[PDB]
Amino acid sequence: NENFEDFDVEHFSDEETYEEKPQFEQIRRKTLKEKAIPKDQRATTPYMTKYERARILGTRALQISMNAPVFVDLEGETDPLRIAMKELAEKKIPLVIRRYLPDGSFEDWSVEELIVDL
Amino acid sequence: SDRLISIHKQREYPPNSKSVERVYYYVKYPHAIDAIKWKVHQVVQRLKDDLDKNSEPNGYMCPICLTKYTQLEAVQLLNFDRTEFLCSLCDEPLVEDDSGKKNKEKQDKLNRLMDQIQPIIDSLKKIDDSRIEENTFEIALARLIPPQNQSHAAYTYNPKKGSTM
Amino acid sequence: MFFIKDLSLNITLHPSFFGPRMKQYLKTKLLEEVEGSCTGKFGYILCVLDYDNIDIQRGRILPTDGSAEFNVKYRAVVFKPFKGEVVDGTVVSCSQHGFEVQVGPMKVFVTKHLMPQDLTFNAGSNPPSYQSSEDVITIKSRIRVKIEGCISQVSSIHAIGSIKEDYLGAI
Amino acid sequence: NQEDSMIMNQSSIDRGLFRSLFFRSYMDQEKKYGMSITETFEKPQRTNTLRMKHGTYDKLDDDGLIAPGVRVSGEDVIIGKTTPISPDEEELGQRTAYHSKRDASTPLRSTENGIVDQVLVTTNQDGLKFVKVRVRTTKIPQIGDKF
Amino acid sequence: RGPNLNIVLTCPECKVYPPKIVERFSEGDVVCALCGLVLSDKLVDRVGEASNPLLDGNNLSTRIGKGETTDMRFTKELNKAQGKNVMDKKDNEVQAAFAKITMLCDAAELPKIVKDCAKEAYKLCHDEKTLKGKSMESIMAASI
Amino acid sequence: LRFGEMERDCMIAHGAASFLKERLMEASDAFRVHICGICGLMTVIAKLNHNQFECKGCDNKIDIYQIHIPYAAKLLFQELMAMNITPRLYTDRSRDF
Amino acid sequence: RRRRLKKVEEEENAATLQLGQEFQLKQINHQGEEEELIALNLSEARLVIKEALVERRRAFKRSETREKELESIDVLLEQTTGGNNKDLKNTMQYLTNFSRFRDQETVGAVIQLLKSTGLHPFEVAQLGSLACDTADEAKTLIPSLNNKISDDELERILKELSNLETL
Amino acid sequence: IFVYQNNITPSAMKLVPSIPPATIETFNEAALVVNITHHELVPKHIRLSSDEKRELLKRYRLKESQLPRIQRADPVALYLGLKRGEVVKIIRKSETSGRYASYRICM
Ligand SMILES: [Mg+2]
Ligand SMILES: [Zn+2]
Ligand SMILES: [Zn+2]
Ligand SMILES: [Zn+2]
Ligand SMILES: [Zn+2]
């Protein structure tokens, strides 16, 4: 065992305190085609989010590492993450983002039309 | 547990005041006969069930693992040589069971049950043709022949007020 | 029996086939994963109908595997047996437990308890066969059999036959 | 030396500044669970002992103990103990009739090393033989040591 | 007799019997030492109570005692429950005899090996037809 | 090393959902278990060499689903089953958002 | 949608017309509407499969007696489809052996003759598949036909099926 | 609206609910001395019409239970005479956006 005078705080140990103080629709239904919001009336942002960019880069890098065809020309770059970054830079990632609204409806925004402003 | 007799938990007050919660044993005729009908009826029912289960074909069983395998899933376990059923675990040729060779024996046992219980069914026919009085302890006290002289059990009933069970 | 049914399958495409002919790769994997494939829910699926127009919608990328999942809807001819159904077939194997009859893509094994009692095994014949007073049942023999039992797993279907009913047996 | 770090002289460390001896004692017993179920101190052999540890047993002597003075490293068996097992079983595939015993040896800590300083063989209150092995290493100050 | 239910862990590529197998505990792996192929991963190396199935047999039982908030009327009824059991009367008397062995060895200040040997000797010589009429103190003394 | 509740919560605030899933499953305990479509229980006997899946009681053999859960989650569900709670796991939605 | 377990149901039996909850008489197609369950006899299934294979051969190119029929469909099979065709080869051989009718006009005559009865698709496909002779034999081969078709109508429709039988 | 002085008898509180659509709202003079709405901590509450509530639910893709709640004993709810299911648009001063509109449905 161990016996040390150096008080290392027991992290994730709140149950001592817990035991100390214990007393005190209309437009869309089911999964129909109406769940697909059409392109003309999409109300989400036209900008790619940081999470959308992160998951597109991760998915594309995983595909490139698992030997997907690459739709840009390579400048001697070997790492799938920077190959995916170049594919994002000149818009050669053939994926779409299904942005789910809280009611279950979704909007399809392709990576080509999404603006990477970050 | 077969309700041929039922119990009464009455305690009395003897003159020596050494009272105990004694128990009385008597017979409830309609509940008893209904229990007899239900028991013999459902006994006939699952004897029919047992002979029916014998009447589907026998299937097979593996002597090494002591597990049964009917004909429906033995054909998932037949070999590549298309001759023997091999066990899924033991990989042993399946041996023949005897569910169907004993169907005539089960029919004979059913017949021997029935001709033995013919007086029971005749009595049930008579008591269902005629009308029976639903007796209880209080009714059964009326035709008592007493069993012993120095009996600590007093057969007088004591009614109570407030019991709404 | 042979049927035609609308079928749907979730098929997984590896990222290496994310090319301009991804739809062609999808259709080819539909072929060599559905044609001749056995499922217990929809029977033995034999051939895919309407290959020119196969319904392929947008395919979801799996978040960890990285592969694309397409829910392909198609038309196909299937073969599903049922309990109590009379089908014809040819014997392909014989034994002392019984004999298998070949109907469609499926082997139905008829046990030795489900022939008339005059019909008996003869293993001295080459090939071994079943011989009775009026007919002989051997390999490559036309025979009509009733299916009175069917078990269906996820990927396998096995049936039980009987010819003890009158006007069954060899044709 | 920022956020309470310190720069120590490597030359002073070489000449012996804050060098230390570390002694760790490993205590082991041989106990009698039953009649034939008794632990014993011996040098085990892979031909007749099951579940031998992947570390070396070569530094053990005939008594199942390493003599003092011998350098030991991590996952090295310092105390060799065997217990009898039931014959004619089937476990792990590599089981035969020769394996009459199984290994209950005490090895060194996998991260540590040092020199076997002292080996003490005695009896407990029950009269069972038990051993204590003190292994000595030297902690030389390095980056990450606390002062 | 009975099902096999044994896993014979061999390398499927070397095809060598007996297989040369290394159980790498620190890596949680079992590998074939000839080719390095990992046969089984995620190796499994407190929460229960110790029980030796040679001294008291394969007996599993728990006692009833006072908790943090415990009314004494419920404990007294439950203590009589384990006592008024007819299935384990032999277990109760052999545990009483083990208790007598332990108290005699403690009054003599005999070591734990002597206590264990006497208890196992009593368990092996228990319920024997040749040893039925002899007095219990003589059984205790001979076992000691 | 412990990847505790509030380390998980820092990862949540970062938004690294796939890294969180990889920590909790592929780095600690990734257990495959079979359920059925009738009952959400994990009482499906699976014979992978024979490719045979079957649930007793439901008596269904063509409605078997494969899920990946933590072994701690499987242990939780079986402890609930022992304590007579049914944690039925279903792979399809029944009500709207 | 209700979430009952609904684990109790009758066993799928051909005599009671219980073919399972997904072989009901109505089937929701991929276009969304309901359609009658398409049940094929053996010759009809053989012609549908052969038509599918020759259409697929035409797509690949752009992108009668028993002995000649078997080799023609074998070359068609190996030209059209690739791997895992043991089951499909056995279906092709089984259908060319037990195919009661040869060509599209005769088989379509069988479908229209059995649709004049207004009967179950399973029952009419069984009638077109089994080479029955008499009405009582038809009733004992298909217990589904009990109290469905009169004896004179049954014997006459099997009589012109026997007439339509060729080769 | 019935403005009473000190208290209402419970034998009249049972007959305060009358035949619909006639509703009775009881108010104490001591609680009515000061207008609560004129406090700066009370923001502007505007009762929405049925069409406005329906448009709100459609445009925010919401349900009955997904709106923020206001109890049917709240002082502003009693001030506005809110019944169950009515939505108030609550306009308040925001230090990040100047003007902020929230919505609360009465439960
Ligand atoms: Mg610090
Ligand atoms: Zn077996
Ligand atoms: Zn190897
Ligand atoms: Zn189930
Ligand atoms: Zn298991």
# chains A, B, ... in the order shown; residues from 1 in each chain; ligands from 1
$ select_by_dssp --residues "range 7-43 of chain F" --states "alpha helix (DSSP H)" --output "JSON, numbers by chain"
{"F": [7, 8, 9, 10, 11, 12, 13, 14, 17, 18, 19, 20, 21]}
$ write_last_selection --atoms "N, CA and C atoms" --output "CSV table (one decimal), in the first residue's frame"
chain,number,residue,atom,x,y,z
F,7,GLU,N,-13.9,14.4,-17.1
F,7,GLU,CA,-13.1,14.4,-18.3
F,7,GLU,C,-13.9,14.1,-19.5
F,8,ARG,N,-14.9,13.2,-19.4
F,8,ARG,CA,-15.9,13.0,-20.4
F,8,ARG,C,-16.7,14.3,-20.7
F,9,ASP,N,-16.9,15.1,-19.6
F,9,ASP,CA,-17.7,16.3,-19.8
F,9,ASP,C,-16.9,17.4,-20.5
F,10,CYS,N,-15.6,17.4,-20.2
F,10,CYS,CA,-14.7,18.3,-21.0
F,10,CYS,C,-14.7,17.9,-22.4
F,11,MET,N,-14.7,16.6,-22.7
F,11,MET,CA,-14.8,16.2,-24.1
F,11,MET,C,-16.1,16.5,-24.8
F,12,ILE,N,-17.2,16.5,-24.0
F,12,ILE,CA,-18.5,16.9,-24.4
F,12,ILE,C,-18.5,18.4,-24.8
F,13,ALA,N,-17.9,19.2,-23.9
F,13,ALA,CA,-17.9,20.6,-24.2
F,13,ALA,C,-17.0,20.9,-25.4
F,14,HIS,N,-16.0,20.1,-25.6
F,14,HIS,CA,-15.2,20.3,-26.8
F,14,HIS,C,-16.0,19.9,-28.1
F,17,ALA,N,-17.5,13.9,-30.2
F,17,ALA,CA,-18.4,12.8,-29.9
F,17,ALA,C,-17.7,11.5,-30.3
F,18,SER,N,-17.0,11.5,-31.5
F,18,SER,CA,-16.4,10.2,-31.9
F,18,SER,C,-15.2,9.9,-31.0
F,19,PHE,N,-14.4,10.9,-30.6
F,19,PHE,CA,-13.4,10.6,-29.6
F,19,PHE,C,-13.9,10.1,-28.3
F,20,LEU,N,-15.0,10.7,-27.9
F,20,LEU,CA,-15.7,10.2,-26.6
F,20,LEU,C,-16.1,8.7,-26.8
F,21,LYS,N,-16.7,8.4,-27.9
F,21,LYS,CA,-17.2,7.0,-28.1
F,21,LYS,C,-16.0,6.1,-28.2
$ residues_around --residues "range 110-114 of chain D" --least-positions-apart "2" --cutoff "6 Å" --atoms "only C-alpha atoms" --output "list in words"
residues 71, 72, 73, 74, 75, 136 and 137 of chain D
$ residues_near_ligand --ligand "ligand 3" --cutoff "7 Å" --atoms "only C-alpha atoms and all ligand atoms" --output "PDB file with C-alpha atoms, in the first residue's frame"
ATOM      1  CA  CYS E  11      -2.425 -21.532 -33.517  1.00  0.00           C
ATOM      2  CA  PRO E  12      -4.593 -22.042 -36.640  1.00  0.00           C
ATOM      3  CA  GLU E  13      -1.631 -21.382 -38.966  1.00  0.00           C
ATOM      4  CA  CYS E  14       1.367 -23.203 -37.467  1.00  0.00           C
ATOM      5  CA  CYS E  32       1.595 -18.208 -30.623  1.00  0.00           C
ATOM      6  CA  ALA E  33       5.317 -18.064 -29.880  1.00  0.00           C
ATOM      7  CA  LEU E  34       6.257 -19.553 -33.260  1.00  0.00           C
ATOM      8  CA  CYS E  35       4.685 -16.867 -35.468  1.00  0.00           C
ATOM      9  CA  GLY E  36       3.428 -14.135 -33.123  1.00  0.00           C
ATOM     10  CA  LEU E  37      -0.235 -14.524 -34.083  1.00  0.00           C
TER      11      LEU E  37
END
$ residues_around --residues "range 16-33 of chain B" --least-positions-apart "5" --cutoff "7 Å" --atoms "only C-alpha atoms" --output "PDB file with N, CA and C atoms, in the first residue's frame"
ATOM      1  N   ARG B   3     -57.750 -29.875  -0.691  1.00  0.00           N
ATOM      2  CA  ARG B   3     -59.045 -29.385  -0.201  1.00  0.00           C
ATOM      3  C   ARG B   3     -60.071 -30.499  -0.019  1.00  0.00           C
ATOM      4  N   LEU B   4     -59.616 -31.686   0.383  1.00  0.00           N
ATOM      5  CA  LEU B   4     -60.560 -32.710   0.814  1.00  0.00           C
ATOM      6  C   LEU B   4     -61.085 -32.416   2.213  1.00  0.00           C
ATOM      7  N   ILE B   5     -60.283 -31.746   3.044  1.00  0.00           N
ATOM      8  CA  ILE B   5     -60.731 -31.210   4.321  1.00  0.00           C
ATOM      9  C   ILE B   5     -60.295 -29.754   4.400  1.00  0.00           C
ATOM     10  N   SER B   6     -60.961 -29.010   5.276  1.00  0.00           N
ATOM     11  CA  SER B   6     -60.628 -27.622   5.546  1.00  0.00           C
ATOM     12  C   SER B   6     -60.594 -27.390   7.051  1.00  0.00           C
ATOM     13  N   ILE B   7     -59.968 -26.273   7.428  1.00  0.00           N
ATOM     14  CA  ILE B   7     -59.595 -25.980   8.805  1.00  0.00           C
ATOM     15  C   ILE B   7     -60.352 -24.746   9.286  1.00  0.00           C
ATOM     16  N   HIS B   8     -60.646 -24.732  10.585  1.00  0.00           N
ATOM     17  CA  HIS B   8     -61.255 -23.602  11.270  1.00  0.00           C
ATOM     18  C   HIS B   8     -60.387 -23.254  12.470  1.00  0.00           C
ATOM     19  N   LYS B   9     -60.106 -21.964  12.656  1.00  0.00           N
ATOM     20  CA  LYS B   9     -59.158 -21.492  13.668  1.00  0.00           C
ATOM     21  C   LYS B   9     -59.854 -20.912  14.894  1.00  0.00           C
ATOM     22  N   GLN B  10     -60.960 -21.511  15.329  1.00  0.00           N
ATOM     23  CA  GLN B  10     -61.722 -20.977  16.451  1.00  0.00           C
ATOM     24  C   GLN B  10     -61.110 -21.407  17.779  1.00  0.00           C
ATOM     25  N   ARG B  11     -60.979 -20.455  18.700  1.00  0.00           N
ATOM     26  CA  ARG B  11     -60.592 -20.723  20.077  1.00  0.00           C
ATOM     27  C   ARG B  11     -61.750 -20.379  21.005  1.00  0.00           C
ATOM     28  N   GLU B 134     -74.306 -26.039  -0.013  1.00  0.00           N
ATOM     29  CA  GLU B 134     -72.971 -25.535   0.285  1.00  0.00           C
ATOM     30  C   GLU B 134     -72.753 -25.472   1.792  1.00  0.00           C
ATOM     31  N   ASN B 135     -72.133 -26.506   2.353  1.00  0.00           N
ATOM     32  CA  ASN B 135     -71.948 -26.580   3.792  1.00  0.00           C
ATOM     33  C   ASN B 135     -70.730 -25.771   4.232  1.00  0.00           C
ATOM     34  N   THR B 136     -70.738 -25.393   5.509  1.00  0.00           N
ATOM     35  CA  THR B 136     -69.589 -24.766   6.149  1.00  0.00           C
ATOM     36  C   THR B 136     -69.382 -25.407   7.514  1.00  0.00           C
ATOM     37  N   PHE B 137     -68.520 -24.817   8.348  1.00  0.00           N
ATOM     38  CA  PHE B 137     -68.347 -25.309   9.713  1.00  0.00           C
ATOM     39  C   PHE B 137     -69.639 -25.182  10.508  1.00  0.00           C
TER      40      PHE B 137
END
$ interface_residues --of "chain C" --to "chain F" --cutoff "7 Å" --atoms "only C-alpha atoms" --output "JSON, numbers by chain"
{"C": [40, 41, 153, 154]}
$ write_last_selection --atoms "N, CA and C atoms" --output "PDB file, in the first residue's frame"
ATOM      1  N   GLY C  40     -33.983 -16.555 -44.106  1.00  0.00           N
ATOM      2  CA  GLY C  40     -35.145 -17.245 -43.583  1.00  0.00           C
ATOM      3  C   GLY C  40     -36.404 -16.414 -43.564  1.00  0.00           C
ATOM      4  N   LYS C  41     -36.269 -15.088 -43.584  1.00  0.00           N
ATOM      5  CA  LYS C  41     -37.448 -14.235 -43.610  1.00  0.00           C
ATOM      6  C   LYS C  41     -38.119 -14.247 -44.978  1.00  0.00           C
ATOM      7  N   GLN C 153     -33.564 -20.285 -40.390  1.00  0.00           N
ATOM      8  CA  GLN C 153     -32.607 -19.540 -39.590  1.00  0.00           C
ATOM      9  C   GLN C 153     -32.452 -18.152 -40.210  1.00  0.00           C
ATOM     10  N   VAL C 154     -31.428 -17.400 -39.806  1.00  0.00           N
ATOM     11  CA  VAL C 154     -31.155 -16.130 -40.469  1.00  0.00           C
ATOM     12  C   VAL C 154     -30.700 -16.365 -41.906  1.00  0.00           C
TER      13      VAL C 154
END
$ residues_near_ligand --ligand "ligand 5" --cutoff "10 Å" --atoms "only C-alpha atoms and all ligand atoms" --output "VMD selection string"
chain F and resid 43 to 47
$ write_last_selection --atoms "N, CA, C and O atoms" --output "PDB file, in the first residue's frame"
ATOM      1  N   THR F  43     -31.219 -11.923 -24.273  1.00  0.00           N
ATOM      2  CA  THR F  43     -31.326 -13.377 -24.150  1.00  0.00           C
ATOM      3  C   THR F  43     -31.453 -14.051 -25.511  1.00  0.00           C
ATOM      4  O   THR F  43     -32.378 -14.823 -25.754  1.00  0.00           O
ATOM      5  N   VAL F  44     -30.517 -13.767 -26.409  1.00  0.00           N
ATOM      6  CA  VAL F  44     -30.492 -14.367 -27.737  1.00  0.00           C
ATOM      7  C   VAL F  44     -29.292 -15.300 -27.804  1.00  0.00           C
ATOM      8  O   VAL F  44     -28.143 -14.857 -27.676  1.00  0.00           O
ATOM      9  N   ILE F  45     -29.557 -16.587 -27.992  1.00  0.00           N
ATOM     10  CA  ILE F  45     -28.494 -17.576 -28.114  1.00  0.00           C
ATOM     11  C   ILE F  45     -27.927 -17.485 -29.523  1.00  0.00           C
ATOM     12  O   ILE F  45     -28.661 -17.615 -30.510  1.00  0.00           O
ATOM     13  N   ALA F  46     -26.620 -17.250 -29.611  1.00  0.00           N
ATOM     14  CA  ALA F  46     -25.920 -17.035 -30.870  1.00  0.00           C
ATOM     15  C   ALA F  46     -24.875 -18.126 -31.048  1.00  0.00           C
ATOM     16  O   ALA F  46     -24.035 -18.337 -30.167  1.00  0.00           O
ATOM     17  N   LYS F  47     -24.925 -18.808 -32.188  1.00  0.00           N
ATOM     18  CA  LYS F  47     -23.988 -19.858 -32.564  1.00  0.00           C
ATOM     19  C   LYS F  47     -23.359 -19.370 -33.863  1.00  0.00           C
ATOM     20  O   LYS F  47     -23.915 -19.579 -34.944  1.00  0.00           O
TER      21      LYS F  47
END
$ residues_near_ligand --ligand "ligand 1" --cutoff "10 Å" --atoms "only C-alpha atoms and all ligand atoms" --output "mmCIF file with C-alpha atoms, in the first residue's frame"
data_model
loop_
_atom_site.group_PDB
_atom_site.id
_atom_site.type_symbol
_atom_site.label_atom_id
_atom_site.label_comp_id
_atom_site.auth_asym_id
_atom_site.auth_seq_id
_atom_site.Cartn_x
_atom_site.Cartn_y
_atom_site.Cartn_z
ATOM 1 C CA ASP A 8 -3.393 14.516 -3.749
ATOM 2 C CA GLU D 3 6.519 26.931 -12.147
ATOM 3 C CA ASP D 4 8.650 25.566 -9.289
#
$ residues_around --residues "residue 96 in chain F" --least-positions-apart "6" --cutoff "9 Å" --atoms "only C-alpha atoms" --output "mmCIF file with N, CA and C atoms, in the first residue's frame"
data_model
loop_
_atom_site.group_PDB
_atom_site.id
_atom_site.type_symbol
_atom_site.label_atom_id
_atom_site.label_comp_id
_atom_site.auth_asym_id
_atom_site.auth_seq_id
_atom_site.Cartn_x
_atom_site.Cartn_y
_atom_site.Cartn_z
ATOM 1 N N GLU A 25 -46.360 15.881 -35.732
ATOM 2 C CA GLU A 25 -46.786 17.145 -35.144
ATOM 3 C C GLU A 25 -47.860 17.810 -36.003
ATOM 4 N N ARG A 29 -44.807 13.989 -39.763
ATOM 5 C CA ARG A 29 -45.126 12.842 -38.927
ATOM 6 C C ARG A 29 -44.415 11.611 -39.473
ATOM 7 N N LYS A 30 -44.122 10.676 -38.573
ATOM 8 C CA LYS A 30 -43.468 9.380 -38.863
ATOM 9 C C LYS A 30 -42.111 9.671 -39.512
ATOM 10 N N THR A 31 -41.747 8.956 -40.572
ATOM 11 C CA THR A 31 -40.484 9.138 -41.282
ATOM 12 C C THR A 31 -40.739 9.291 -42.776
ATOM 13 N N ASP A 103 -37.065 18.829 -34.497
ATOM 14 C CA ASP A 103 -38.332 18.140 -34.713
ATOM 15 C C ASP A 103 -38.178 16.843 -35.496
ATOM 16 N N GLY A 104 -36.961 16.491 -35.908
ATOM 17 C CA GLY A 104 -36.706 15.300 -36.682
ATOM 18 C C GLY A 104 -36.488 15.545 -38.159
#
